[PDB]
Amino acid sequence: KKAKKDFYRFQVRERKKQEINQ
Amino acid sequence: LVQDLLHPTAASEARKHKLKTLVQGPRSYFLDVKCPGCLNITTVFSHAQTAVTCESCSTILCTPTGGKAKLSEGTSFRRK
Amino acid sequence: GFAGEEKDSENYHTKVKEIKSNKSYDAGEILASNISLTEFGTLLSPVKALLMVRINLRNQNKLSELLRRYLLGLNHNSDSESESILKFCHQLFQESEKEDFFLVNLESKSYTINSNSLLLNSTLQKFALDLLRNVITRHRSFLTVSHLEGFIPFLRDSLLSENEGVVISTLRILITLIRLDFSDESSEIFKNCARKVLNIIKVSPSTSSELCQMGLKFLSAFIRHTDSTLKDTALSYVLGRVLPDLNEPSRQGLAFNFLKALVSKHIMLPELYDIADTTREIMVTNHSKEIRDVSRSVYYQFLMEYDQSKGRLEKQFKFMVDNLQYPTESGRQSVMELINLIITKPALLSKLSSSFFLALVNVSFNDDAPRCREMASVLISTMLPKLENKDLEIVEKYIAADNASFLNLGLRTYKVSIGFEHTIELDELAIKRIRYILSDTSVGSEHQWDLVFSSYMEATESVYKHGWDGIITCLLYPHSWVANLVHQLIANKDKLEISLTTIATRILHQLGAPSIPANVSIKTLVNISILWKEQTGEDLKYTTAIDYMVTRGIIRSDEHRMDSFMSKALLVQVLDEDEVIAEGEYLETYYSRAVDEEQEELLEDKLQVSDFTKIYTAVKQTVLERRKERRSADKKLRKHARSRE
Amino acid sequence: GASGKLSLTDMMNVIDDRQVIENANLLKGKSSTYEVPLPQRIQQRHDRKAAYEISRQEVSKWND
Amino acid sequence: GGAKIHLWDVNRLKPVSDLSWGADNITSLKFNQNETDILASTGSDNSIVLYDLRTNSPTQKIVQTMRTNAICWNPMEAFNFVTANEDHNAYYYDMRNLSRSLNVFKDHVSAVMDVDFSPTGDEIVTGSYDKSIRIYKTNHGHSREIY
Amino acid sequence: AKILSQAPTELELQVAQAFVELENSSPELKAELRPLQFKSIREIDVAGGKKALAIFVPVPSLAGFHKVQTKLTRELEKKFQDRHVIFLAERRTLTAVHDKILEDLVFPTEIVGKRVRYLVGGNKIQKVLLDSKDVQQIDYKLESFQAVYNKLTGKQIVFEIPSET
Amino acid sequence: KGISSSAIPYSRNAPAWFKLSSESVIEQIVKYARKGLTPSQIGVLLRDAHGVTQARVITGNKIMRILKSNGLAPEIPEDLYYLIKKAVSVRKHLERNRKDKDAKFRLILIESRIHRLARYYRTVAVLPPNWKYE
Amino acid sequence: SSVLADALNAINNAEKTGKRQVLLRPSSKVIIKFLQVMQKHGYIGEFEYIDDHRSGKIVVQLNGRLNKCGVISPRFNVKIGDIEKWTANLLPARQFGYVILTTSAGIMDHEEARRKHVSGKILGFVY
RNA sequence: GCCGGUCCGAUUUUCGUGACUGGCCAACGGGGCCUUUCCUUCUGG
RNA sequence: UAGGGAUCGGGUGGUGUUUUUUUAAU
Ligand SMILES: [Zn+2]
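Residues numbered from 1 in each chain as written, not as in the entry; some residues may be left out. Chains lettered and ligands numbered in written order. Part of a larger assembly, values for the part shown. Heavy atoms only, no water. Residues with missing side-chain atoms left out of burial classes, pairs and counts.

- As deposited, the entry is annotated with cryo-EM as its determination method and 6.0 Å as its resolution.

## Brief notes about the overall build of chain E
(1) Moving on: When its secondary structure is counted, chain E shows 0 helices and 14 strands.
(2) Moving on: Counting from the amino terminus, helix and strand elements in chain E follow one another as β-β-β-β-β-β-β-β-β-β-β-β-β-β.
(3) Moving on: Dimensions along the principal axes, computed over C-alpha positions, put chain E at roughly 45 × 30 × 30 Å.
(4) Moving on: Residue burial in chain E is summarised as follows: out of 147 residues, 55% are buried.
(5) Moving on: Across chain E, contacts joining residues at least 24 apart in sequence account for 32% of those joining residues at least 6 apart.
(6) Moving on: Accessible area for chain E stands at about 6300 Å²; split by element, carbon and sulfur atoms hold 52% of it.
(7) Moving on: If the 14 positive side-chain charges of chain E are averaged to one point and the 18 negative ones to another, these points end up 2 Å apart. (Helix = DSSP H or I, 4+ residues; strand = E, 2+ residues; numbered from the N terminus. Buried < 20%, exposed > 50% of the residue type's maximum accessible area, 1.4 Å probe, protein only. Contact = heavy atoms within 4.5 Å. Areas by Shrake-Rupley, 256 points an atom, 1.4 Å probe, with all protein chains shown as cover. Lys, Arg positive; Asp, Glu negative; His and termini not counted. Charge placed at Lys NZ, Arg CZ, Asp CG, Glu CD.)

## Quick look at the overall build of chain F
(1) Moving on: Within chain F one finds 5 helices and 6 strands.
(2) Moving on: Along chain F, from the amino end to the carboxyl end, the secondary structure elements read α-β-β-α-β-α-β-β-α-α-β.
(3) Moving on: Compactness check: chain F gives a C-alpha radius of gyration of 17 Å against a globular reference of 15 Å for 165 residues, within 12% of the reference.
(4) Moving on: Dimensions of chain F, computed from C-alpha atoms along their principal axes, come out at roughly 60 × 35 × 30 Å.
(5) Moving on: Of all 165 residues assigned to chain F, the portion counted as buried reaches 44%.
(6) Moving on: For chain F, the exposed surface amounts to about 8700 Å²; the carbon and sulfur share of it is 53%.
(7) Moving on: Where the 25 positive side-chain charges of chain F centre and where its 22 negative ones centre are 5 Å apart. (Rg over C-alpha atoms; globule rule 2.2 N^0.38 Å.)

## Concerning the interface of chain F and chain D
(1) Moving on: With 12 residues of chain F at the interface, the matching set in chain D holds 7 residues.
(2) Moving on: Residue composition of the side of chain F that touches chain D, grouped by class: 3 nonpolar, 4 polar and 5 charged. (Nonpolar A, V, L, I, M, F, W, Y, C, P; charged D, E, K, R; others polar.)

## Description of the packing of helix 13 (residues 272-285) of chain C against helix 14 (residues 291-305) of chain C
Residues and elements named next belong to chain C.
(1) Moving on: Between helix 13 and helix 14, the least distance of the axes is 9 Å, while the angle of their chain directions is 140 degrees. For the element pair helix 13 / helix 14, the angle class is oblique. Helix 14 is crossed by helix 13, and the crossing has left-handed handedness. For the pair helix 13 and helix 14, contact is made by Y273, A276, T279, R280, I282 and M283 and by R292, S295, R296, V298, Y299 and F302, respectively.
(2) Moving on: Each residue belonging to the contact of helix 13 with helix 14 can be placed in one class, and the counts come to 7 nonpolar, 2 polar and 3 charged. (Axes fitted to C-alpha atoms, helices over the stretch in contact; angles between N-to-C directions. Parallel < 35°, antiparallel > 145°, perpendicular 65-115°, else oblique. Left-handed = near helix turned anticlockwise from the far one by under 90°.)

## Structural notes on the pairing of strand 5 (residues 124-129) of chain F
Residues and elements named next belong to chain F.
(1) Moving on: Both strand 4 (residues 113-118) and strand 5 contribute to a ladder of 6 bridges, which runs antiparallel. Pairing of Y118 across the sheet is with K124, part of strand 5.
(2) Moving on: In terms of strand pairing, strand 5 meets strand 6 (residues 157-160) through 4 bridges, oriented parallel. Bridge pairing links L129 to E160 in strand 6. (Pairing = 2+ DSSP bridges.)

## Quick word on the arrangement of the chains
(1) Moving on: Comparison of the 16 pairs of chains in contact shows the highest number of contacts for chains A and G.
(2) Moving on: You won't find any contact between chain A and chain B; their C-alpha atoms come no closer than 10 Å.
(3) Moving on: Kept free of each other, chain E and chain G leave a smallest C-alpha distance of 22 Å between them.

## Digging into unusual backbone geometry
Residues and elements named next belong to chain F.
(1) Moving on: With a phi close to 55 degrees, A31 is a non-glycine residue in the positive phi region.
(2) Moving on: On the secondary structure map, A31 appears in the loop between helix 1 (10-24) and strand 1 (41-45).
(3) Moving on: We note that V59 has phi near 60 degrees; this positive angle belongs to a residue other than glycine.

## Remarks on the packing of helix 1 (residues 23-35) of chain G against helix 2 (residues 39-48) of chain G
The relative placement of two packed helices comes down to the angle between their axes together with the axis-to-axis distance.
All names here are of chain G.
(1) Moving on: Look at helix 1 against helix 2: their axes get within 10 Å of each other, and the N-to-C directions meet at 135 degrees. Overall, the two elements helix 1 and helix 2 adopt an arrangement that is oblique. Here helix 1 and helix 2 pass one another in a crossing that is right-handed. The residues of helix 2 that touch helix 1, namely those facing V25, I29, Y32 and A33, are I42, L45 and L46.
(2) Moving on: A breakdown of the residues in the contact of helix 1 with helix 2 according to their chemical character gives 7 nonpolar, no polar and no charged.

## What to know about the sheet that holds strand 1 (residues 21-24) of chain H
(1) Moving on: Overall, mixed pairing links the 6 strands, which are arranged 6(F)-5(F)-4(F)-2(H)-3(H)-1(H) in an open sheet. Strand pairing shows two members of the sheet lacking a second neighbour, strand 6 of chain F together with strand 1 of chain H, which therefore form its edges. When strand polarity is set aside, the average angle formed by the axes of neighbouring strands in this sheet is 20 degrees.
(2) Moving on: The sheet contact formed by strand 4 of chain F and strand 2 (residues 47-51) of chain H spans 5 bridges and is antiparallel. The residue of strand 2 of chain H that forms the bridge with F:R117 is H:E48.
(3) Moving on: Of the strands in this sheet, strand 4 and strand 5 of chain F together with strand 2 and strand 3 (57-61) of chain H touch helix 2 (residues 29-40) of chain H, which is tilted by about 160 degrees from strand 2 of chain H.

## Re the interface of chain A and chain G
For an interface, size is often stated in terms of accessible area lost upon the parts coming together.
(1) Moving on: In this assembly, 11 residues from chain A lie in contact with 18 residues from chain G.
(2) Moving on: In terms of residue class, the side of chain A that touches chain G is built from 5 nonpolar, 1 polar and 5 charged.

## Quick word on the pattern of salt bridges
(1) Moving on: With its nearest N and O atoms 2.8 Å apart, the salt bridge here joins C:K196 to C:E162. Pair noted here: C:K196 is in helix 9 (residues 184-203) and C:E162 is in the loop between helix 7 (152-159) and helix 8 (165-177), with a separation of 34 residues, a long-range link.
(2) Moving on: Salt bridges sharing partners connect three or more residues here, namely B:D32, B:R78 and B:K80. (Salt bridge = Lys/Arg side-chain N within 4 Å of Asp/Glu carboxyl O.)

## Things to note about the side chain of C:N77
Residue and element names in this part refer to chain C.
(1) Moving on: Among the structural elements, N77 can be located in the loop between helix 4 (57-76) and helix 5 (86-96).
(2) Moving on: Within polar-contact distance, the side chain of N77 engages the backbone oxygen of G73 at 2.6 Å.
(3) Moving on: The residues touching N77, leaving out its near neighbours within four places in the chain, are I30, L31 and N34. (Polar contact = N/O pair within 3.5 Å; in protein donor to acceptor, adjacent residues only side chain to side chain.)

## Some points on the packing of aromatic side chains
The relation between two aromatic rings is expressed through the spacing of the ring centres and the mutual angle of the planes.
(1) Moving on: Measuring from centroid to centroid gives 5.7 Å for E:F81 and E:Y93, while their planes differ by 50 degrees, and the two rings are tilted. Of this pair, E:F81 sits in strand 8 (residues 80-85) while E:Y93 sits in strand 9 (residues 90-94); the two residues are 12 residues apart in sequence, bridging distant segments of the chain.
(2) Moving on: Ring centres 6.3 Å apart and planes at 50 degrees place the aromatic pair F:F145 and F:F159 in the tilted group. With F:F145 in helix 5 (residues 142-153) and F:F159 in strand 6, this pair connects stretches of sequence that are 14 residues apart.
(3) Moving on: An aromatic cluster is present here, built from A:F7, A:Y8, A:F10, G:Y81 and G:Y82 joined pairwise through their rings.
(4) Moving on: Looking at G:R47, its charged tip hangs above the ring of B:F45, at a distance of 4.7 Å from the centre. (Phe/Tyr/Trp six-rings, centres within 6.5 Å; stacked < 30°, edge-to-face > 60°. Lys NZ or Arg CZ within 6 Å of the ring centre and 35° of its normal.)

## Side note on the environment of B:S28
Residues and elements named next belong to chain B.
(1) Moving on: You can see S28 is positioned in the loop between helix 1 (10-15) and strand 1 (31-34).
(2) Moving on: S28 sits 19 residues away from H47 along the chain, and the two C-alpha atoms are 6.9 Å apart.
(3) Moving on: In this view, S28 contacts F45, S46 and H47; residues no more than four positions away in its chain are not counted.

## Overview of the environment of C:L74
All names here are of chain C.
(1) Moving on: Here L74 shows up in helix 4.
(2) Moving on: Distance in space between the C-alpha atoms of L74 and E29 is 10 Å, their sequence separation being 45 residues.
(3) Moving on: Aside from chain neighbours lying at most four places away, what touches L74 is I30 and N134.

## Comments concerning the sheet that holds strand 1 of chain F
What links the strands of a sheet is backbone hydrogen bonding, and the strands pair in either a parallel or an antiparallel sense.
Residues and elements named next belong to chain F.
(1) Moving on: Ordered by their spatial adjacency, 3 strands build an open sheet running 1-2-3, and the pairing between neighbours is mixed. Every other strand in the sheet has two partners, leaving strand 1 and strand 3 (83-88) as the edge strands with one partner each. Here the strands of the sheet are splayed against their neighbours by 25 degrees on average, with no regard to which way each runs.
(2) Moving on: Contacts from helix 5 reach strand 1, strand 2 (51-56) and strand 3, with the element oriented near 110 degrees to strand 1.

## Looking at the pairing of strand 7 (residues 120-126) of chain H
Residues and elements named next belong to chain H.
(1) Moving on: With 3 bridges connecting them, strand 4 (residues 69-71) and strand 7 associate as antiparallel partners. Within strand 7, the residue paired with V71 across the bridge is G124.
(2) Moving on: Here strand 5 (residues 77-78) runs beside strand 7; their pairing, made up of 2 bridges, is antiparallel. Note on strand 7: the bridge partner recorded for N77 is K121.
(3) Moving on: With 6 bridges joining them, strand 6 (residues 98-103) and strand 7 adopt antiparallel strand pairing. When the bridges of strand 7 are listed, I100 appears paired with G124.

Structure below.
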């Protein structure tokens, strides 16, 4: 319901992977 | 006023606070509710802290409040 | 002392050597230190030096355990077996029986008066116990009159002391001495101590104490071995006293020995009936080992040796009959042994054996078979003991009284008038014909539906083990072999029929299909190997080798490997089915590897067959490799790790 | 040892499947009793209840 | 009384009988003054137990709200006793109906440390944990007077 | 039948027969007892005359023994009467194993108090006490519980229920 | 101060009116974790979704170790991340309007309470040191 | 604070007030064995360690016999030829009262300390 | 310690003792075995 | 040193009047 876009290791890996790609 | 500081009367322990007794414990009970939309059963906490939703038909079961949550006026419950 | 208090203290843990074994010390030590001149005195003396001061019940009970170790050491010893140290037992008997205006004072706490003005009596009581246990261990060597006639005044003195531990020993000593015969002095002593134990039953408000129990054993000895019994009313009182104590424990062996004693000694009392009722219910419903046994002994002794009337003799019999339906496995065993004793030692047997066989048949139809086998043994004893009329009514009941009726008739014919048995066997052959017909075919259809009743079948297999009627039954049994327990019984019956009495090729095909699609499987493998060795002979041998190739779960695989190692002109009429052993060249895998190595332990034709099998396996591997290379899957070849994990 | 269950409750039925006087012997052997004892504290509780009943029956002598 | 109540007589060094309900200690005992074979006791499970040596068994058990210190039978009724416990009132029970304390003497300020009947059978002496003793009559329920 | 087959004997084969006879009375155990797993059962004599059989469960499956406790106890209590059947798990430590076999010794749940009181002589006495549930049944087997817990760890533990008893 | 807290009961097992397996709770909590929900929210949504008490009781261990076992660990713990989020939110509000002197006071207090916990986390070394709040 | 000092202050001022049953919330096995040896000397009645998992509480049914307990917060080494100096400096007399020391069995008083012929550090005195 | 038995004598049951036998029961102690299940992490080459 | 009453904020339970009922809220 109120998930976070941060704070998990795999989610911040996905965020930095998106920043590396584009 | 003057009671034994060992095991007191059950009325007195239900009277006083849930932390101030000898062995502290809960006073919230788990209760099973029958979803009135699709007549299945689910478990729900007393002090529910969240609007819980049935898995079959996610209508509503209990709007949360400060203490006990109000069951939503079509639901049929039992303590357990 | 200090080492003992540090050992028995709680807060010292981490050692293996501080579990201390402290009393096998002296148990081994007085096997050698028994010079019995000075060193035994130096055993006894520091005990007194520590005992004069003060004691607790803690140190008292471990000290009494130590002196018990001394006494078992002296019985295990062999230096004093002839009267040399009875001097010292007599010795232990004889050793048991204004001014302070200038005086400065500190240490304001006074002296506690409790030190020895009793505890000398504690010394006297405990080495009185020690020396009387010494005399009760020298009863193992000898019982001489003139060596303890001089002891008996100290014995009656220590009996009239009444400090519990000496009474526990002296009542045992008088139990052993009641077989002997001293003079009128002993007559007075024996009647006096019988009055004494009657007094302690009168004052002790329970007979489930060790003193009252051992005193009841002494009353048993006084009843059994004397010329002068006494006081019918007082023994009636003591038996009315022991009566309500029968339920709760710590009462058992000694009081029940007293019960057996006086019921053997035949006296008629109105309270014996009440204790007989309670001991019958105890015999059925008790929960401790051998207590039900000794109560069965005393109840059987009363029920035979005494004289009831028709009402009691009917009601106790039907009590046994429906006590057979008790829910336990051991109370049922004890009432089975009671009926066994009634059977072994009649007109009451003629009146009771019909309903007894019926109730034992119901107990056979009852629970898990440790009672049913005993019911079968008791029914076998009853049917062997039956003269004519009980067997006649039993045959009538077996021939008249569905599946339980057929199984009861089959088991009755299996137990036990050969012409009436032949008429019953004709009825049984009609039943076996109507039973063993297409039920085995439907069972084989069920097995085929799997890998695509049986009560009447096991009854017919038992009846065929019991009994051209043999030929027709052998054909029916071949049809029945043609669920796993039924096939096991049918394989045993087929082996027995083939021993006693193509058709044999069809029987071998049915046996091979039954073994293909455990101990009876081993016996069936033995019977099939015997039939193949006794063996279209070459066609049947080739079909047997092909069936062994199609066979080679774990039990049949080990039986196939054993049959191959037992079967294999050294190789001319052998080179047919070594390809499965070449393909066999986790405990099932270990057993198969051990059997494969045993078969490989058990020349040119062997190299030829090995080359042929290796070439066939290489051609199969080449065909599979070519099929993979021409059809190129990895999910099915890699998902085994995910399935195992 | 060959224990087939057979689903049968036929004690009286096995008795009542023949001619006369066999049922007379079966009625001559008929008690149907001696159940199982209760555990120790429940047996103790019931007989100390009975002891309380007889002790009140005793001091009702002093009641007058 | 001790860990559990024991029954001795003076011809044995070992206890003749052991008579507890469960493994619970027993603070005080008292026999009767007539119908001598029964007795009462009090244990720190806040419990009053009775026993009967004729049946040689405990016979009934009530549990009050605080621990009974000292019990005392009546030497003229033979089935009434007083009971002095840590709540500040000496109860007075009838034996053969232990559901109702048929009197309660209710004047102290602290724990009621001991009571006894006078052998005339109607006066109660009590002595408190606070520094005072009181004399009651049986038939009233408040204090006659105080020392 | 469905026991570990390293050391079988008669009474454990009898209670496995009780299991598969409950399976013969089929329409309630919808393959739920097919993941049964024993380790060992054992009879133990108690002070009440009778005996208690301890059945062990390897404890990934103590939560598999979940709703089947009550029905299989009342099945084998009429099947193999007058015993007392208790399931237990097994394996700085071993006090955790002690109170875990206590907590799975009484019931799936329901202990609520551990008290220990120390008399003036020196005798400790340690009570455990249940909460209030199914007392009219659990009152019968209370002596067997303290008997087998004393047999299984040597600690002298006395059981109690906060009621009149 | 005042007391207001949970009272975890004396029992330490699944409360026996439970009618659900053990690994199903593990699947539920990794499902909510792959949805992207914080552990305390997993705990309350597991108190209310299906009747568990908490995961140390119903499963074999706590949710932090079971999520580290299932591979969904947090790179910073819950209280650290939440105090950082509160700090950046009040910093953004103060940079929207710098006149909020009470928000300046509360930002100083949140900075102190987060540097205390950062000192604890560095001295226990569960986050990589050199981590000193940007 | 010091849990032993606050526990003994609790039973000391509750005795000074004049109550009977004293609750004592923060417990430990040092306090358990402490007032175990003082109930061996009969300075309190029986007591009870109610066990909840967090700390365990203590309730003591003391009768009347304490007048002052306490601890000494520096728990220093004390030789066998110095417990006589410490008894003379702590108690009003020689045998009136005790002083219990932590030693190699552990919660002995000074009478049992001179009996067993060990010593250690002083943790508390009671008289 | 309980019980059954080979016996001698009395008996055609049952007892006295001397042997001797096993079926079982508790207390002692001795030798092993299972509670290091079968599978991954050392200070240095 | 301890006891009692009242009030503010939150929670639990009771069961009368204010309230009202298929719009949501509580
Ligand atoms: Zn629904």
